[PDB]
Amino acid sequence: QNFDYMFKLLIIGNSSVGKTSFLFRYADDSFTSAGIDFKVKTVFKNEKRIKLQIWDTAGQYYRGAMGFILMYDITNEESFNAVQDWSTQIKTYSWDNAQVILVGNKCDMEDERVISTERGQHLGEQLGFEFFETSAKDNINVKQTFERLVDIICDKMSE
């Protein structure tokens, strides 16, 4: 209730890549196969209490963002080819303090994977964004994405 810091976080990427599910898995530790612009979660980093305002309005503005989660779907090449456009919109129309994690979502759908782990890692290195493969569905690397984002926002905040 009594936080030291508040970070504005945006989830961006093409529609159907799992932006909304990623948010719902992190904030309500839920996912379902079956109105909300943002959700709030408070996290503990070192002794600090950090309020996260996590926005999910990409599929419907950037200047204030501490942090971006740039999502593509590993089962959809179009979502991954689009990452460059998304990255361009970030580095242009954002606070030059903003951190970014590249996220290949739905790593649970191994049979329909069209994007390799290493293509993802390689695009990460090209764009200068750390990278995680995730599943909102199986709860894989959702926690680690947000906490890594908080950590690097803190590092930059300290500089």
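Counting begins at 1, following the sequence as shown.
Quick check on the record: how many residues from the deposited sequence are absent from the model between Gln60 and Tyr61 (none, 1 to 3, 4 to 9, 10 or more)? In the record, 4 to 9 residues between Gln60 and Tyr61 lack coordinates.
(message) With respect to the deposited sequence, is there a break between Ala34 and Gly35 in this entry, and if so is it 1 to 3, 4 to 9, or 10 or more residues, or none at all?
(response) Some 4 to 9 residues are missing between them.
### Query
37-45 versus 65-73: which one carries the higher mean Cα B factor per the record?
Result: 37-45.
| task | Give the stretch, out of 49-57 and 25-33, with the larger mean C-alpha temperature factor in the deposited entry. | result | It is 25-33 that shows the higher mean C-alpha B-factor.
Maximum C-alpha temperature factor, selected from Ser116, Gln99, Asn105, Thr92: Of the candidates given, the C-alpha B-factor peaks at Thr92.
Just say lowest, middle or highest third for the CA B-factor of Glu125 relative to the other modelled residues in its chain. Its C-alpha B-factor belongs to the highest third of this chain's values.
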